[PDB]
Amino acid sequence: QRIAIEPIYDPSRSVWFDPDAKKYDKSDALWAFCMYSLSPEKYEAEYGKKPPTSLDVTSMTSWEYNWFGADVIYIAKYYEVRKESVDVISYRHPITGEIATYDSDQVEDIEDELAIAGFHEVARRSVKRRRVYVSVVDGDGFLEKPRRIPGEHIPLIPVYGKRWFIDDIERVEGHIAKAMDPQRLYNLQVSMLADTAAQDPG
Amino acid sequence: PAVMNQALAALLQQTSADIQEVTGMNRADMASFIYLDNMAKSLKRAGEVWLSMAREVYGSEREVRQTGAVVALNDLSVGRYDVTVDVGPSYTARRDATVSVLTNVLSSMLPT
Amino acid sequence: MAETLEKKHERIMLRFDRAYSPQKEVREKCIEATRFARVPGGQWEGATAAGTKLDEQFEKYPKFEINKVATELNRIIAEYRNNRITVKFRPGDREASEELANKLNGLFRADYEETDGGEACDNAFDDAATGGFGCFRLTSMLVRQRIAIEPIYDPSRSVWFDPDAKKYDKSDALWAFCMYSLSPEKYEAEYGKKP
Amino acid sequence: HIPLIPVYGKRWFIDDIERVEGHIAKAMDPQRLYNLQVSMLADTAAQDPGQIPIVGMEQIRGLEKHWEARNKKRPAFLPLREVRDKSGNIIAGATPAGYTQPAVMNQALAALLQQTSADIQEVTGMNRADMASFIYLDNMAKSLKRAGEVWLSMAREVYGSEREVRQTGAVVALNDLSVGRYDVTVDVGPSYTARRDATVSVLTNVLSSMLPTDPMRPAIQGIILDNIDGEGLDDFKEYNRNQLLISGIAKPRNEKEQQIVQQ
Amino acid sequence: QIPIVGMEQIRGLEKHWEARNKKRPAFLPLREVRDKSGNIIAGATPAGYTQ
Amino acid sequence: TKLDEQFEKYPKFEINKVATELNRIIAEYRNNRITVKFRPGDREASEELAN
């Protein structure tokens, strides 16, 4: 097993968080979405034959843009955080030290050594923990049923240029938003001068 | 012939000058400081998430050298580790990290 | 007259209005300033949709925005983010005060690092330098007990003090309010079904 | 104490009312007047770009195609008629009557552009005191001092009193009382991620103000190198500590060196 | 600046002067100033401009 | 505009001058990339753990 770091493409129209999270790093969030586009053939590869797909909708893109591709199929990943109750069933084995042992519920089922050198002793303490589940959904139903991922936090890491919290809404800014008006006014000035010059040469 | 009215010339100069004005102690004077500072506090959160995720994949560390699990196990009630998440320069190999700090220790020393 | 008996609640509500009224025009300027400097179209707010008929139409006046007041503010904020400063706990003249100071400002560092201290301080300074008022909170969370440092968002329209406190740090205050917004579903989560 | 810690940019108490100010309130009027100046200049410039000749209808009838293509073809001349009154007499020549005017950029607008652009930089901003960020950074320190006082008052009820007869606190959960105010003072200083940074930062300031002489300087360097350091420095650090403790500066921590290398 | 003209000097030709900045006219038409007897007293140029 | 029963379009020249500073900022980061550190603590075994 391994931990991997992967990139996310088009974050502006792909990542959506709980509207109740206010911190920079979104620590206090309880769910999130991560959308990505897909081709009909790759949707046929996994997820089986299936109906002809029901993609998600945002009504965001093609806003001043040309469309030619019907290879849309938008799929999303869904992250949940739940409390749940898990039984710690410690094999606190007296020998070779081993005081205050772990034995979470998900250990014994996979770890079947037939209890070589552990003993069982106190194993009847139930504790509320915190786990994270992941799922794959579309506009119709579940492409992949929920399963728990190995951690405690939502594994999405946001990066901002400049971020502020103004009126119940988080606001960001890059490095070119402030220069739109002078640039697109300079362009108009040059374009208007060119043809006026070209109209009456001599 | 054509004339190139005065208002257009004034607008050309004004807009061309304003584009540079709007867009941009040694470090803080540069226009790229805030972005490079907000990147560090994102990497700090990434480190925290990695630490929380690594215990269940590689197992707890514990001491009595640094020895982990046997086949696949976590250990619990071992407590928070004694490390602090920070940021620093990115190095391809460990040797670069060693020589980079040792050469900074040097060059601040009189020959003696 | 208390708890279930809401006779305490009318007093609380009256105190809210008494605290809100004096500091009402002051906070409007702070909010307007932050919005003027940060929101993309906020420099023209108040006019926005203004124009003339122009032969039975409603063409609106062009409203270009060339933001030139934010550069010095960014310089000031970068100045602080370069050198962040924190609490020190200097010792005294005694046999054991050295170890006492060491222990105390190690505990404080532990509390500041393992919670949202850095975010709280950065947010407070940013708001204070932009509008003029910032704030942050100091609570005690259960993890087997701990002191935690937390940020406060939108201090201008969220924090209201006793109108009888006059000092910089509001030491001589006897009550205060801290508002925050919430979603209907999260209101259903805790606080029960409720009205 | 109430656990809320206010932070102000600039604060004054004027008429029974507390008044605050940031760094952009003073510059709103010049900025939003500059915006209006630019917006008003743009469309005035865009209204009348060039010049067009003006003629009478019967002075050019039948000759429009020659004037239409005067920039593509290369005519040797352009024909036109004269202006005749109702009885057939000539009163004006064959030249066009006049031309339209292009945009002008009145002088008051130019003066306002320059003045407002200059005023924005004037209103908004011994070495430290000359900078425009000093007052904000000074008001932050006195907020942090109050935060320290609140934390120290609240920490006694959570971690217990200290006492000394080392610093050992409670047993299960207790406060102790009538132990009195502590012997510390709240201040501000640079913020460090780890303790090692704090140690090396002050030790290197103690150094670099010392002439190369006296035992001191090697001891300071040894103490500095004992802290700090990262990956792959095990052997170097052990070699350093050996020389640091055989010279009576390290105080063996009663495990192996007091009986092996110290002896 | 706005040109100043007489009412009878431009009647029936407003659509050409309205669109002089969008379309690219080869010229602009205008009439002369005539007195009560029908004699010409002024040319086809506008009388003046505002300041 | 129509322009005598056609649809000639306005010329729209584009002179991109806003990307130079953005490229400078990006080059600044790509020259110095920075990553996670994992500083040690004050304990007998924290050094090896951090390594």
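Excluded from the calculations below are hydrogen atoms, water molecules and symmetry mates; all remaining heavy atoms, backbone and side chain alike, are included. Residue numbering restarts at 1 for every chain, and letters A, B, ... go by the order of the sequence lines.
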Keeping the roles fixed (side chain from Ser77(B), backbone from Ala100(A)), state whether a donor-acceptor pair exists under 3.5 Å.
-> yes
Reported CG-to-CE distance for the pair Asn5(B) and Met192(A), which is rounded to 0.5 angstrom = 8.0 Å
Do you know which of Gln183(A), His175(A), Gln199(A) has the most heavy-atom pairs under 4.5 Å to chain B?
-> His175(A)
Residue part contacting chain A, namely of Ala54(B), when any heavy atom lies under 4.5 Å = both
Closest non-hydrogen atoms of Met53(B) and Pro150(A), given as atom of the first, atom of the second and distance, are CG-O, 3.0 Å
Would you find a donor on one side and an acceptor on the other, under 3.5 Å apart, between the side chain of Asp200(A) and the backbone of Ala2(B)?
-> no
Just wondering, more than 12 heavy atoms not from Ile110(A) lying within 6.0 Å of its CD1?
-> yes
Report the option among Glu113(A), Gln106(A), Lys178(A) that has the most heavy-atom pairs separated by less than 4.5 Å from atoms of chain B.
-> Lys178(A)
For the pair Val159(A) and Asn38(B), evaluate side chain to side chain contact (heavy atoms under 4.5 Å, CB included) and give the outcome as yes or no after the intermediate values.
-> CA-CA 7 Å; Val159(A) 183; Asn38(B) 275 351; over 6 Å; no
Closest heavy-atom contact between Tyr102(A) and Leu76(B)?
-> CB-N, 3.2 Å
Tell me, out of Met39(B), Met4(B), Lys41(B), who's got the most heavy-atom pairs with chain A below 4.5 Å.
-> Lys41(B)
Would you sort out whether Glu56(B) and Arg131(A) count as a salt bridge (charged side-chain N to carboxylate O under 4.0 Å, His left out), showing the intermediate values?
-> CA-CA 12 Å; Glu56(B) 186 175 0; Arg131(A) 283 84 59 84; over 6 Å; no
In Å and rounded to the nearest 0.5 Å, what is the OG to CD distance from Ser27(A) to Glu48(B)?
-> 6.0 Å
Is it true that atom NZ of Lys50(A) has more than 12 heavy atoms of other residues, nucleotides or ligands lying nearer than 6.0 Å?
-> yes
By a 4.5 Å heavy-atom criterion (distance strictly below it), what part of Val49(B) contacts chain A: side chain, backbone, both, or neither?
-> both
Would you check if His153(A) and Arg45(B) make a side-chain contact, meaning some heavy-atom pair closer than 4.5 Å?
-> yes
Point-to-point distance, once rounded to the nearest 0.5 Å, from CD of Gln189(A) to CG of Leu11(B) | 4.5 Å
Please check if atom CZ in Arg129(A) has more than 12 non-hydrogen atoms from other residues, nucleotides or ligands closer than 6.0 Å.
-> no
Answer yes if the side chains of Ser42(B) and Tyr24(A) hold a donor-acceptor pair under 3.5 Å, and no otherwise.
-> yes
Heaviest contributor of heavy-atom pairs below 4.5 Å to chain B, chosen from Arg148(A), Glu111(A), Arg163(A), is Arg148(A)
Atom CZ of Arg27(B): over 12 foreign heavy atoms under 6.0 Å | no
Heavy atoms only: give me the nearest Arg2(A)-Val57(B) pair and the separation to one decimal.
-> N-CG1, 4.4 Å
To the nearest 0.5 Å, atom OH of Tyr186(A) lies from atom CD of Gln13(B) at 11.0 Å
Within 6.0 angstrom of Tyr36(A) OH, more than 12 heavy atoms from elsewhere = yes
Going through the distances and angles, do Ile157(A) and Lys44(B) end up as a side chain to side chain contact (heavy atoms under 4.5 Å, CB included)?
-> CA-CA 10 Å; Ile157(A) 316 297; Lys44(B) 291 183 176 68; over 6 Å; no
With a 4.5 Å cut-off on heavy-atom pairs, point out which of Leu73(B), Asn74(B), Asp18(B) contacts chain A the most.
-> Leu73(B)
Between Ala179(A) and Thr23(B) the two heavy atoms that sit nearest each other are CB-CG2, 4.0 Å
Measure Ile154(A) against the heavy atoms of chain B and call it side chain, backbone, both or neither at under 4.5 Å.
-> backbone
Above 12 or not: heavy atoms from other molecules or residues under 6.0 Å from CD of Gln1(A)?
-> no
Determine the minimum heavy-atom distance between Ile3(A) and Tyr58(B), stating which atoms define it.
-> N-OH, 3.7 Å
Closest non-hydrogen atom pair, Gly161(A) against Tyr35(B) = CA-CD2, 3.8 Å
